[PDB]
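Q: For reference, this is upload-v9.json, and it has JSON, C-alpha atoms.
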[["chain", "number", "residue", "atom", "x", "y", "z"],
["A", 10, "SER", "CA", -8.91, -0.85, -17.71],
["A", 11, "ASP", "CA", -9.01, -2.43, -14.25],
["A", 12, "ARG", "CA", -5.77, -4.32, -14.78],
["A", 13, "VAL", "CA", -3.73, -1.13, -15.28],
["A", 14, "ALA", "CA", -3.30, 1.55, -12.61],
["A", 15, "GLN", "CA", -1.38, 4.61, -11.47],
["A", 16, "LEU", "CA", -1.20, 5.77, -7.87],
["A", 17, "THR", "CA", 0.15, 9.30, -7.50],
["A", 18, "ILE", "CA", 0.52, 11.02, -4.15],
["A", 19, "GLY", "CA", 3.13, 13.52, -3.03],
["A", 20, "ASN", "CA", 6.28, 13.33, -5.16],
["A", 21, "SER", "CA", 5.80, 9.62, -5.82],
["A", 22, "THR", "CA", 3.98, 7.60, -8.47],
["A", 23, "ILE", "CA", 3.33, 3.87, -8.74],
["A", 24, "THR", "CA", 2.40, 1.91, -11.85],
["A", 25, "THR", "CA", 1.13, -1.62, -12.42],
["A", 26, "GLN", "CA", -0.06, -3.38, -15.54],
["A", 27, "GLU", "CA", -1.47, -6.40, -13.73],
["A", 28, "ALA", "CA", -3.74, -5.14, -10.97],
["A", 29, "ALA", "CA", -6.97, -6.47, -9.51],
["A", 30, "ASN", "CA", -8.83, -3.30, -8.67],
["A", 31, "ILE", "CA", -8.49, -1.49, -5.36],
["A", 32, "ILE", "CA", -9.95, -2.28, -1.94],
["A", 33, "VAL", "CA", -11.21, 0.50, 0.34],
["A", 34, "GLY", "CA", -11.28, -0.81, 3.89],
["A", 35, "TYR", "CA", -14.76, -1.02, 5.36],
["A", 36, "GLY", "CA", -15.94, 1.02, 2.43],
["A", 37, "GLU", "CA", -14.66, 4.39, 3.58],
["A", 38, "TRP", "CA", -11.90, 6.75, 2.52],
["A", 39, "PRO", "CA", -9.48, 8.32, 5.00],
["A", 40, "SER", "CA", -10.49, 11.73, 6.31],
["A", 41, "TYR", "CA", -9.32, 14.39, 8.76],
["A", 42, "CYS", "CA", -10.81, 14.49, 12.25],
["A", 43, "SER", "CA", -13.97, 16.60, 12.53],
["A", 44, "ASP", "CA", -14.34, 19.32, 15.16],
["A", 45, "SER", "CA", -17.03, 17.26, 16.93],
["A", 46, "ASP", "CA", -15.03, 14.04, 17.20],
["A", 47, "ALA", "CA", -11.86, 15.87, 18.23],
["A", 48, "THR", "CA", -11.17, 16.53, 21.90],
["A", 49, "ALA", "CA", -7.61, 17.93, 22.16],
["A", 50, "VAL", "CA", -7.66, 21.70, 21.75],
["A", 51, "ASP", "CA", -4.33, 22.56, 20.17],
["A", 52, "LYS", "CA", -4.30, 23.36, 16.47],
["A", 53, "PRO", "CA", -3.01, 20.26, 14.64],
["A", 54, "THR", "CA", -0.29, 20.32, 12.00],
["A", 55, "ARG", "CA", -1.03, 18.72, 8.62],
["A", 56, "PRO", "CA", 2.36, 18.50, 6.77],
["A", 57, "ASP", "CA", 0.61, 17.20, 3.65],
["A", 58, "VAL", "CA", 2.94, 16.25, 0.75],
["A", 59, "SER", "CA", 6.07, 15.85, 2.88],
["A", 60, "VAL", "CA", 4.53, 12.94, 4.78],
["A", 61, "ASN", "CA", 1.63, 11.73, 2.63],
["A", 62, "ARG", "CA", 3.78, 10.05, -0.02],
["A", 63, "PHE", "CA", 4.83, 6.51, -0.94],
["A", 64, "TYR", "CA", 7.58, 4.92, 1.14],
["A", 65, "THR", "CA", 9.17, 1.62, 0.03],
["A", 66, "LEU", "CA", 10.35, 0.06, 3.27],
["A", 67, "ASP", "CA", 11.23, -3.57, 2.80],
["A", 68, "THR", "CA", 11.67, -6.54, 0.49],
["A", 69, "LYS", "CA", 11.20, -10.16, 1.52],
["A", 70, "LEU", "CA", 12.06, -13.24, -0.52],
["A", 71, "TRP", "CA", 9.23, -15.61, -1.25],
["A", 72, "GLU", "CA", 10.50, -19.17, -0.94],
["A", 73, "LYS", "CA", 8.84, -22.56, -1.47],
["A", 74, "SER", "CA", 8.82, -22.98, 2.29],
["A", 75, "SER", "CA", 8.01, -19.44, 3.45],
["A", 76, "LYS", "CA", 5.45, -19.28, 6.26],
["A", 77, "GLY", "CA", 4.38, -15.63, 6.01],
["A", 78, "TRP", "CA", 5.15, -12.20, 7.50],
["A", 79, "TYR", "CA", 3.47, -9.26, 9.19],
["A", 80, "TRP", "CA", 4.14, -5.57, 9.79],
["A", 81, "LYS", "CA", 2.61, -3.14, 12.27],
["A", 82, "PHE", "CA", 1.25, 0.33, 11.47],
["A", 83, "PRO", "CA", 2.31, 3.04, 12.11],
["A", 84, "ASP", "CA", 5.33, 1.27, 13.62],
["A", 85, "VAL", "CA", 6.91, 0.59, 10.19],
["A", 86, "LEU", "CA", 7.27, 4.32, 9.48],
["A", 87, "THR", "CA", 8.12, 5.84, 12.87],
["A", 88, "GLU", "CA", 11.78, 6.21, 11.88],
["A", 89, "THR", "CA", 11.43, 7.12, 8.21],
["A", 90, "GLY", "CA", 11.44, 10.50, 6.47],
["A", 91, "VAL", "CA", 9.43, 13.51, 7.61],
["A", 92, "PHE", "CA", 6.54, 11.32, 8.74],
["A", 93, "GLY", "CA", 8.80, 9.70, 11.32],
["A", 94, "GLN", "CA", 9.99, 13.04, 12.67],
["A", 95, "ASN", "CA", 6.41, 14.26, 13.14],
["A", 96, "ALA", "CA", 5.45, 11.02, 14.86],
["A", 97, "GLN", "CA", 8.38, 11.49, 17.20],
["A", 98, "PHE", "CA", 7.89, 15.20, 18.01],
["A", 99, "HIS", "CA", 4.14, 14.86, 18.61],
["A", 100, "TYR", "CA", 2.17, 12.96, 21.25],
["A", 101, "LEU", "CA", -0.90, 12.74, 19.03],
["A", 102, "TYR", "CA", -1.09, 11.23, 15.55],
["A", 103, "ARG", "CA", -3.77, 10.02, 13.15],
["A", 104, "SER", "CA", -3.80, 9.03, 9.50],
["A", 105, "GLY", "CA", -4.97, 6.60, 6.86],
["A", 106, "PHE", "CA", -2.82, 4.43, 4.61],
["A", 107, "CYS", "CA", -2.54, 3.26, 1.05],
["A", 108, "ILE", "CA", -0.78, -0.08, 1.00],
["A", 109, "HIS", "CA", 0.71, -1.45, -2.23],
["A", 110, "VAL", "CA", 2.27, -4.93, -2.06],
["A", 111, "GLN", "CA", 4.34, -5.89, -5.08],
["A", 112, "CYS", "CA", 5.28, -9.36, -6.37],
["A", 113, "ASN", "CA", 5.82, -10.27, -10.00],
["A", 114, "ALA", "CA", 6.94, -13.56, -11.56],
["A", 115, "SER", "CA", 6.46, -15.32, -14.91],
["A", 116, "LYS", "CA", 3.58, -16.99, -16.68],
["A", 117, "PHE", "CA", 5.26, -20.26, -15.65],
["A", 118, "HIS", "CA", 5.49, -19.56, -11.90],
["A", 119, "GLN", "CA", 2.54, -20.18, -9.57],
["A", 120, "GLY", "CA", 1.40, -19.45, -6.04],
["A", 121, "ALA", "CA", -0.99, -17.21, -4.16],
["A", 122, "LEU", "CA", -0.42, -14.69, -1.39],
["A", 123, "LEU", "CA", -3.18, -13.44, 0.89],
["A", 124, "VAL", "CA", -2.65, -9.75, 1.70],
["A", 125, "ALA", "CA", -4.80, -8.56, 4.59],
["A", 126, "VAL", "CA", -5.18, -5.80, 7.16],
["A", 127, "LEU", "CA", -6.11, -6.76, 10.73],
["A", 128, "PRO", "CA", -6.92, -3.94, 13.19],
["A", 129, "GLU", "CA", -5.62, -4.27, 16.76],
["A", 130, "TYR", "CA", -3.47, -7.27, 15.83],
["A", 131, "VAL", "CA", -2.46, -8.47, 19.27],
["A", 132, "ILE", "CA", 0.24, -11.14, 19.27],
["A", 133, "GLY", "CA", 0.14, -14.18, 21.53],
["A", 134, "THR", "CA", 2.85, -16.60, 22.67],
["A", 135, "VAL", "CA", 2.79, -20.39, 22.73],
["A", 136, "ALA", "CA", 2.72, -20.21, 26.54],
["A", 137, "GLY", "CA", 5.78, -22.40, 27.05],
["A", 138, "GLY", "CA", 4.36, -25.12, 24.80],
["A", 139, "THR", "CA", 2.36, -26.78, 27.56],
["A", 140, "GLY", "CA", 0.29, -23.65, 28.09],
["A", 141, "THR", "CA", 1.07, -23.63, 31.78],
["A", 142, "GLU", "CA", 3.52, -20.76, 31.46],
["A", 143, "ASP", "CA", 2.08, -17.24, 31.02],
["A", 144, "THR", "CA", 4.81, -15.83, 28.77],
["A", 145, "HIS", "CA", 4.48, -12.62, 26.73],
["A", 146, "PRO", "CA", 5.87, -11.52, 23.39],
["A", 147, "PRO", "CA", 8.90, -9.15, 23.42],
["A", 148, "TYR", "CA", 8.92, -5.61, 22.00],
["A", 149, "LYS", "CA", 10.74, -6.70, 18.85],
["A", 150, "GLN", "CA", 7.86, -9.06, 18.09],
["A", 151, "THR", "CA", 4.92, -6.77, 18.86],
["A", 152, "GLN", "CA", 6.54, -3.79, 17.09],
["A", 153, "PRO", "CA", 9.06, -5.30, 14.60],
["A", 154, "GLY", "CA", 9.63, -2.08, 12.68],
["A", 155, "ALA", "CA", 10.35, -1.95, 8.94],
["A", 156, "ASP", "CA", 11.89, -5.44, 8.73],
["A", 157, "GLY", "CA", 8.63, -6.94, 9.86],
["A", 158, "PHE", "CA", 8.51, -10.36, 11.47],
["A", 159, "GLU", "CA", 7.95, -13.95, 10.33],
["A", 160, "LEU", "CA", 4.90, -15.86, 11.56],
["A", 161, "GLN", "CA", 5.71, -18.95, 13.61],
["A", 162, "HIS", "CA", 2.29, -20.60, 13.35],
["A", 163, "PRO", "CA", 0.42, -19.01, 10.42],
["A", 164, "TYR", "CA", -2.60, -21.32, 10.74],
["A", 165, "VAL", "CA", -3.57, -19.54, 13.96],
["A", 166, "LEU", "CA", -1.97, -16.19, 13.08],
["A", 167, "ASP", "CA", 0.25, -16.44, 16.20],
["A", 168, "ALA", "CA", -2.80, -15.35, 18.19],
["A", 169, "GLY", "CA", -5.14, -18.34, 18.48],
["A", 170, "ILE", "CA", -7.39, -17.27, 15.59],
["A", 171, "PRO", "CA", -8.02, -19.02, 12.24],
["A", 172, "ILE", "CA", -6.26, -17.49, 9.26],
["A", 173, "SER", "CA", -8.98, -19.17, 7.19],
["A", 174, "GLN", "CA", -11.31, -16.37, 8.32],
["A", 175, "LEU", "CA", -8.85, -13.53, 7.78],
["A", 176, "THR", "CA", -10.75, -12.66, 4.59],
["A", 177, "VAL", "CA", -13.36, -11.01, 6.83],
["A", 178, "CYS", "CA", -10.80, -8.18, 6.89],
["A", 179, "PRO", "CA", -9.95, -5.82, 4.04],
["A", 180, "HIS", "CA", -7.81, -7.97, 1.74],
["A", 181, "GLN", "CA", -6.68, -8.94, -1.75],
["A", 182, "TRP", "CA", -4.79, -11.89, -3.18],
["A", 183, "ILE", "CA", -1.73, -11.95, -5.35],
["A", 184, "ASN", "CA", -2.31, -15.01, -7.55],
["A", 185, "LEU", "CA", 0.72, -15.05, -9.84],
["A", 186, "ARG", "CA", -1.28, -16.20, -12.87],
["A", 187, "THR", "CA", -3.55, -13.17, -12.42],
["A", 188, "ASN", "CA", -2.01, -10.10, -10.78],
["A", 189, "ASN", "CA", 1.35, -8.88, -9.51],
["A", 190, "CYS", "CA", 0.20, -6.54, -6.75],
["A", 191, "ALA", "CA", -2.37, -5.76, -4.09],
["A", 192, "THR", "CA", -3.63, -2.32, -3.19],
["A", 193, "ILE", "CA", -5.60, -1.67, -0.02],
["A", 194, "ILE", "CA", -6.70, 1.74, 1.26],
["A", 195, "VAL", "CA", -7.24, 1.94, 5.02],
["A", 196, "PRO", "CA", -8.99, 4.68, 6.98],
["A", 197, "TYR", "CA", -7.98, 5.54, 10.53],
["A", 198, "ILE", "CA", -9.31, 2.83, 12.82],
["A", 199, "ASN", "CA", -9.51, 3.47, 16.58],
["A", 200, "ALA", "CA", -11.87, 4.14, 19.49],
["A", 201, "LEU", "CA", -10.18, 7.53, 19.96],
["A", 202, "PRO", "CA", -9.85, 10.42, 17.47],
["A", 203, "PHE", "CA", -6.04, 10.61, 17.86],
["A", 204, "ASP", "CA", -3.50, 8.38, 19.63],
["A", 205, "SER", "CA", 0.23, 7.75, 20.07],
["A", 206, "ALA", "CA", 2.08, 6.54, 17.00],
["A", 207, "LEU", "CA", 4.59, 4.89, 19.31],
["A", 208, "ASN", "CA", 2.57, 3.07, 21.94],
["A", 209, "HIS", "CA", -0.29, 1.98, 19.74],
["A", 210, "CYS", "CA", -0.33, 0.04, 16.47],
["A", 211, "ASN", "CA", -3.72, 0.53, 14.83],
["A", 212, "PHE", "CA", -3.55, -2.49, 12.55],
["A", 213, "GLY", "CA", -1.24, -5.11, 11.16],
["A", 214, "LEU", "CA", -0.48, -5.97, 7.56],
["A", 215, "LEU", "CA", -0.31, -9.70, 6.88],
["A", 216, "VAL", "CA", 1.21, -11.25, 3.74],
["A", 217, "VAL", "CA", 0.82, -15.01, 3.84],
["A", 218, "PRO", "CA", 1.29, -17.60, 1.12],
["A", 219, "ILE", "CA", -1.78, -19.87, 1.06],
["A", 220, "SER", "CA", -0.88, -21.65, -2.18],
["A", 221, "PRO", "CA", 2.91, -22.35, -2.20],
["A", 222, "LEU", "CA", 5.32, -20.81, -4.67],
["A", 223, "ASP", "CA", 6.37, -23.28, -7.34],
["A", 224, "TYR", "CA", 8.24, -23.41, -10.64],
["A", 225, "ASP", "CA", 10.58, -25.69, -12.60],
["A", 226, "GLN", "CA", 14.38, -25.82, -12.34],
["A", 227, "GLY", "CA", 15.77, -23.12, -14.59],
["A", 228, "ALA", "CA", 13.24, -20.36, -13.98],
["A", 229, "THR", "CA", 14.25, -17.33, -11.91],
["A", 230, "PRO", "CA", 14.17, -18.67, -8.31],
["A", 231, "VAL", "CA", 14.44, -15.29, -6.57],
["A", 232, "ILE", "CA", 10.89, -13.96, -6.24],
["A", 233, "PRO", "CA", 10.78, -10.79, -4.08],
["A", 234, "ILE", "CA", 7.77, -9.34, -2.29],
["A", 235, "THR", "CA", 8.10, -5.59, -1.82],
["A", 236, "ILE", "CA", 6.12, -3.44, 0.61],
["A", 237, "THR", "CA", 5.31, 0.17, -0.35],
["A", 238, "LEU", "CA", 2.95, 2.33, 1.67],
["A", 239, "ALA", "CA", 1.74, 5.91, 1.95],
["A", 240, "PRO", "CA", 0.10, 7.79, 4.81],
["A", 241, "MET", "CA", -3.10, 9.66, 3.94],
["A", 242, "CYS", "CA", -4.49, 12.73, 5.74],
["A", 243, "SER", "CA", -1.76, 12.74, 8.37],
["A", 244, "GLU", "CA", -2.50, 14.98, 11.38],
["A", 245, "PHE", "CA", -0.32, 15.66, 14.43],
["A", 246, "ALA", "CA", -0.82, 17.43, 17.77],
["A", 247, "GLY", "CA", 0.65, 17.71, 21.26],
["A", 248, "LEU", "CA", 4.07, 19.06, 20.30],
["A", 249, "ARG", "CA", 7.25, 18.74, 22.39],
["A", 250, "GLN", "CA", 10.74, 17.19, 22.10],
["A", 251, "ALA", "CA", 11.33, 14.15, 19.92],
["A", 252, "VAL", "CA", 10.89, 10.73, 21.52],
["A", 253, "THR", "CA", 11.59, 7.32, 19.96],
["A", 254, "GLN", "CA", 9.50, 5.28, 22.42],
["B", 1, "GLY", "CA", -15.93, 14.98, -69.95],
["B", 2, "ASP", "CA", -15.91, 12.25, -67.28],
["B", 3, "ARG", "CA", -18.47, 9.42, -67.12],
["B", 4, "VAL", "CA", -17.09, 6.17, -65.60],
["B", 5, "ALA", "CA", -17.43, 6.25, -61.82],
["B", 6, "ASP", "CA", -13.87, 5.41, -60.68],
["B", 7, "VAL", "CA", -12.69, 8.54, -62.52],
["B", 8, "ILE", "CA", -15.35, 10.83, -61.05],
["B", 9, "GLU", "CA", -14.61, 9.59, -57.52],
["B", 10, "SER", "CA", -10.80, 9.48, -57.71],
["B", 11, "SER", "CA", -8.53, 11.66, -55.61],
["B", 12, "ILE", "CA", -5.97, 11.83, -58.42],
["B", 13, "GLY", "CA", -4.77, 15.41, -58.63],
["B", 14, "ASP", "CA", -5.41, 16.56, -55.03],
["B", 15, "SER", "CA", -2.79, 19.30, -54.51],
["B", 16, "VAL", "CA", -3.87, 20.14, -50.96],
["B", 17, "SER", "CA", -1.36, 18.50, -48.63],
["B", 18, "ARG", "CA", -3.34, 17.49, -45.56],
["B", 19, "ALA", "CA", -1.55, 18.48, -42.35],
["B", 20, "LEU", "CA", -2.01, 16.60, -39.07],
["B", 21, "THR", "CA", -0.51, 19.40, -36.96],
["B", 22, "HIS", "CA", -0.67, 23.20, -36.71],
["B", 23, "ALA", "CA", 1.32, 25.95, -34.99],
["B", 24, "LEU", "CA", 0.09, 27.70, -31.84],
["B", 25, "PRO", "CA", 1.49, 30.87, -30.33],
["B", 26, "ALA", "CA", 3.95, 30.14, -27.53],
["B", 27, "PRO", "CA", 5.69, 33.37, -26.38],
["B", 28, "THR", "CA", 6.45, 31.93, -22.93],
["B", 29, "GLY", "CA", 7.19, 28.62, -21.28],
["B", 30, "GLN", "CA", 4.05, 26.72, -20.39],
["B", 31, "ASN", "CA", 2.69, 27.21, -16.89],
["B", 32, "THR", "CA", 2.25, 24.59, -14.21],
["B", 33, "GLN", "CA", -1.20, 23.85, -12.82],
["B", 34, "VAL", "CA", -2.06, 22.66, -9.32],
["B", 35, "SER", "CA", -2.43, 18.89, -8.99],
["B", 36, "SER", "CA", -3.34, 16.45, -6.21],
["B", 37, "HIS", "CA", -3.06, 12.76, -5.47],
["B", 38, "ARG", "CA", -4.77, 10.46, -7.97],
["B", 39, "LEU", "CA", -5.36, 6.79, -7.12],
["B", 40, "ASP", "CA", -7.08, 5.42, -10.22],
["B", 41, "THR", "CA", -7.33, 2.29, -12.35],
["B", 42, "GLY", "CA", -7.49, 2.68, -16.14],
["B", 43, "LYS", "CA", -5.69, 6.03, -16.04],
["B", 44, "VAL", "CA", -1.93, 5.62, -16.49],
["B", 45, "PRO", "CA", -0.01, 8.70, -17.86],
["B", 46, "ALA", "CA", 3.37, 7.33, -16.78],
["B", 47, "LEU", "CA", 3.20, 4.28, -19.07],
["B", 48, "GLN", "CA", 4.16, 4.85, -22.69],
["B", 49, "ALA", "CA", 4.95, 2.89, -25.84],
["B", 50, "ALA", "CA", 8.04, 4.46, -27.38]]
Could the structure of this file be written out as structure tokens, please?
A:
Amino acid sequence: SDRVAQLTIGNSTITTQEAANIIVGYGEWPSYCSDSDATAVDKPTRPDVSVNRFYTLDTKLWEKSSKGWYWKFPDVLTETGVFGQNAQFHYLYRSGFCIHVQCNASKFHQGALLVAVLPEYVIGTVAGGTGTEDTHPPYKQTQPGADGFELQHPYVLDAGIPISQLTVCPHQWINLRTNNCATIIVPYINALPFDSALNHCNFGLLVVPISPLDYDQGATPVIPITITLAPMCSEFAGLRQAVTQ
Amino acid sequence: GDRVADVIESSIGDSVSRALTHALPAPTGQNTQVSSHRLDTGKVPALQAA
């Protein structure tokens, strides 16, 4: 009655019989931009069902040695379905997100994944190792797309900050002996009412194993982690030709 | 006449076949109602037990 759940939006429905409730980032549901917060004057377009639906974008394999991965929003969807087209044809974009991370195993497997959302997740480099070289991360690392990217130094989140304090952000855990999914609802987070879906990534989704995956020889060794997400209250403005970046 | 209790309280002889279902008029296919996104716990229409 808190373990079972159904998430229906658009022409897609998700089910889970081993949930752990739902998290609503910073305690507030997504919403459309009010006429007093807005600034751009053109009438926005709100596609609704064609873009506010669940998209399953990627599957990673959880291994005994995995370090963790991250994805950037809205980067992950800029080239998928109708949402992508609208993000490409419009200068302005804004929306919320419902993130559903899936990972099931057996009552004999163990391990725990920390699933968290970190706004304005700026990536840092190791500065040439000695820290005397001012290097910068490449586009494929700041905006990895749907395939995401693997963390090199999870302890410091590849940005000189302690992952041990990541729980100060909207998060959930996937502890195999307890639940097989994590659901986080995120409102639009920015210092502006609208912004570019291409140049700016509002937040990053981190999925990091804190307690290593383990099991005995003979049990299914392939344990996938699938990422499904849905935009909420998508709004677009500033129409012109399509642009990919 | 009847005097012992089990006899007085028995259902032996009930000729009324109890019915769990009943017919409703259905001259047309059912309509479709408007629906919106639902993101709840506890509620799960999609899961069944065939």
Q: For chain B against region 58-73 of chain A, with a cut-off of 12 Å and counting only C-alpha atoms, what is the closest atom pair and its distance in Å to one decimal for every residue that makes the cut, ordered by chain and number, as a Markdown table?
A:
| residue | atom | partner | partner_atom | distance |
| --- | --- | --- | --- | --- |
| B:35 | CA | A:58 | CA | 11.4 |
| B:36 | CA | A:58 | CA | 9.4 |
| B:37 | CA | A:62 | CA | 9.2 |
| B:38 | CA | A:62 | CA | 11.7 |
| B:39 | CA | A:63 | CA | 11.9 |
Q: Show which residues sit within 7 Å of region 207-210 of chain A, as a VMD selection string. Count all atoms listed in the file, and ignore same-chain residues fewer than 3 positions away.
A: chain A and resid 81 to 84 129 254
Q: Which chain A residues are at most 8 Å from chain B (counting all atoms listed in the file), as a count of residues only?
A: 12
Q: Which residue out of A:119, A:243, A:187, A:161 has the minimum interatomic distance to residue 228 (chain A) when only C-alpha atoms are used?
A: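 Smallest separation from residue 228 (chain A) among the options: A:119.
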Q: Which residue gives the smallest distance to residue 172 (chain A) among A:251, A:77, A:154, A:197, with all atoms listed in the file counted?
A: A:77
Q: Pick out the residues sitting within 8 Å of region 123-126 of chain A, and hand them over as a list in words; count all atoms listed in the file, and ignore anything fewer than 6 positions along from it in its own chain.
A: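 So the residues in contact are residues 110, 175, 176, 178, 179, 180, 181, 182, 183, 191, 212, 213, 214, 215, 216, 217, 218 and 219 of chain A.
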Q: Can you work out which one of A:127, A:79, A:229, A:116 has the shortest atom-to-atom distance to residue 177 (chain A), counting all atoms listed in the file?
A: A:127
Q: Measuring atom to atom with all atoms listed in the file, identify which of A:203, A:224, A:245, A:106 is nearest to residue 120 (chain A).
A: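 Among A:203, A:224, A:245, A:106, it is A:224 that comes nearest to residue 120 (chain A).
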Q: Fewer than 5 positions away in the same chain doesn't count, so skip those; otherwise give me all residues within 12 Å of residue 49 (chain A), counting only C-alpha atoms, as a VMD selection string.
A: chain A and resid 42 to 44 100 to 102 201 to 204 245 to 248
Q: Hey, can you check how far CA of residue 242 (chain A) sits from CA of residue 41 (chain A)?
A: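 Going from CA of residue 242 (chain A) over to CA of residue 41 (chain A) covers 5.9 Å.
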Q: In Å to one decimal, how far is CA of residue 38 (chain A) from CA of residue 198 (chain A)?
A: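 One can read the CA of residue 198 (chain A) to CA of residue 38 (chain A) distance as 11.3 Å.
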Q: What is the CA of residue 186 (chain A) to CA of residue 114 (chain A) distance in Å?
A: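 These atoms are spaced 8.7 Å apart.
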Q: List as an mmCIF file with C-alpha atoms, in the frame of the given file: which residues have an atom within 7 Å of (-6.3, -2.1, -1.6), counting only C-alpha atoms?
A:
data_model
loop_
_atom_site.group_PDB
_atom_site.id
_atom_site.type_symbol
_atom_site.label_atom_id
_atom_site.label_comp_id
_atom_site.auth_asym_id
_atom_site.auth_seq_id
_atom_site.Cartn_x
_atom_site.Cartn_y
_atom_site.Cartn_z
ATOM 1 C CA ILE A 31 -8.490 -1.490 -5.360
ATOM 2 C CA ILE A 32 -9.950 -2.280 -1.940
ATOM 3 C CA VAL A 33 -11.210 0.500 0.340
ATOM 4 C CA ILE A 108 -0.780 -0.080 1.000
ATOM 5 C CA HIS A 180 -7.810 -7.970 1.740
ATOM 6 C CA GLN A 181 -6.680 -8.940 -1.750
ATOM 7 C CA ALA A 191 -2.370 -5.760 -4.090
ATOM 8 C CA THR A 192 -3.630 -2.320 -3.190
ATOM 9 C CA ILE A 193 -5.600 -1.670 -0.020
ATOM 10 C CA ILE A 194 -6.700 1.740 1.260
#
Q: Show me, as a PyMOL selection string, the residues that have an atom within 9 Å of residue 168 (chain A) when counting all atoms listed in the file, minus same-chain residues fewer than 4 positions from it.
A: chain A and resi 130-135+162
Q: Need the shell around residue 225 (chain A): protein/DNA/RNA residues with any atom at most 9 Å away, counting only C-alpha atoms. Skip same-chain ones fewer than 2 positions apart. Format as a count of residues only?
A: 6
Q: Please define a box with edges along x, y and z of the file around all atoms of region 86-100 of chain A given in the file, extend it by 8 Å on each side, and return its centre and edge lengths in Å to one decimal, as lines of an AutoDock Vina configuration file.
A:
center_x = 7.0
center_y = 9.8
center_z = 13.9
size_x = 25.6
size_y = 26.9
size_z = 30.8
Q: Counting only C-alpha atoms, which of A:29, A:241, A:199, A:53 gets nearest to residue 128 (chain A)?
A: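 Smallest separation from residue 128 (chain A) among the options: A:199.
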Q: Provide region 62-73 of chain A rebuilt to N, CA, C and O atoms, formatted as a PDB file, keeping the file's coordinate frame.
A:
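So rebuild22.pdb came out as:
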ATOM      1  N   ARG A  62       3.085  10.454   1.195  1.00  0.00           N
ATOM      2  CA  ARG A  62       3.780  10.050  -0.020  1.00  0.00           C
ATOM      3  C   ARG A  62       4.076   8.565   0.110  1.00  0.00           C
ATOM      4  O   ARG A  62       3.919   7.996   1.183  1.00  0.00           O
ATOM      5  N   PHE A  63       4.514   7.935  -0.974  1.00  0.00           N
ATOM      6  CA  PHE A  63       4.830   6.510  -0.940  1.00  0.00           C
ATOM      7  C   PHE A  63       6.232   6.211  -0.419  1.00  0.00           C
ATOM      8  O   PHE A  63       7.221   6.771  -0.892  1.00  0.00           O
ATOM      9  N   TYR A  64       6.304   5.318   0.558  1.00  0.00           N
ATOM     10  CA  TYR A  64       7.580   4.920   1.140  1.00  0.00           C
ATOM     11  C   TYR A  64       7.773   3.414   0.896  1.00  0.00           C
ATOM     12  O   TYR A  64       6.910   2.613   1.251  1.00  0.00           O
ATOM     13  N   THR A  65       8.887   3.034   0.277  1.00  0.00           N
ATOM     14  CA  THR A  65       9.170   1.620   0.030  1.00  0.00           C
ATOM     15  C   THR A  65      10.114   1.209   1.144  1.00  0.00           C
ATOM     16  O   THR A  65      11.284   1.560   1.146  1.00  0.00           O
ATOM     17  N   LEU A  66       9.593   0.442   2.090  1.00  0.00           N
ATOM     18  CA  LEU A  66      10.350   0.060   3.270  1.00  0.00           C
ATOM     19  C   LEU A  66      11.043  -1.281   3.373  1.00  0.00           C
ATOM     20  O   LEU A  66      11.991  -1.416   4.150  1.00  0.00           O
ATOM     21  N   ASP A  67      10.610  -2.275   2.617  1.00  0.00           N
ATOM     22  CA  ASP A  67      11.230  -3.570   2.800  1.00  0.00           C
ATOM     23  C   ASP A  67      10.929  -4.549   1.676  1.00  0.00           C
ATOM     24  O   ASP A  67       9.921  -4.422   0.976  1.00  0.00           O
ATOM     25  N   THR A  68      11.828  -5.515   1.505  1.00  0.00           N
ATOM     26  CA  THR A  68      11.670  -6.540   0.490  1.00  0.00           C
ATOM     27  C   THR A  68      11.977  -7.893   1.114  1.00  0.00           C
ATOM     28  O   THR A  68      13.033  -8.094   1.703  1.00  0.00           O
ATOM     29  N   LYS A  69      11.034  -8.813   0.989  1.00  0.00           N
ATOM     30  CA  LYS A  69      11.200 -10.160   1.520  1.00  0.00           C
ATOM     31  C   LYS A  69      11.280 -11.111   0.329  1.00  0.00           C
ATOM     32  O   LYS A  69      10.778 -10.811  -0.757  1.00  0.00           O
ATOM     33  N   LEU A  70      11.939 -12.247   0.530  1.00  0.00           N
ATOM     34  CA  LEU A  70      12.060 -13.240  -0.520  1.00  0.00           C
ATOM     35  C   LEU A  70      11.057 -14.350  -0.290  1.00  0.00           C
ATOM     36  O   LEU A  70      11.006 -14.953   0.780  1.00  0.00           O
ATOM     37  N   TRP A  71      10.227 -14.569  -1.314  1.00  0.00           N
ATOM     38  CA  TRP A  71       9.230 -15.610  -1.250  1.00  0.00           C
ATOM     39  C   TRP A  71       9.913 -16.915  -1.617  1.00  0.00           C
ATOM     40  O   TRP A  71      10.470 -17.043  -2.708  1.00  0.00           O
ATOM     41  N   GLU A  72       9.890 -17.873  -0.700  1.00  0.00           N
ATOM     42  CA  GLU A  72      10.500 -19.170  -0.940  1.00  0.00           C
ATOM     43  C   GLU A  72       9.464 -20.282  -0.855  1.00  0.00           C
ATOM     44  O   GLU A  72       8.402 -20.101  -0.259  1.00  0.00           O
ATOM     45  N   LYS A  73       9.767 -21.427  -1.463  1.00  0.00           N
ATOM     46  CA  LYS A  73       8.840 -22.560  -1.470  1.00  0.00           C
ATOM     47  C   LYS A  73       8.353 -23.004  -0.094  1.00  0.00           C
ATOM     48  O   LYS A  73       7.340 -23.699   0.027  1.00  0.00           O
TER      49      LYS A  73
END
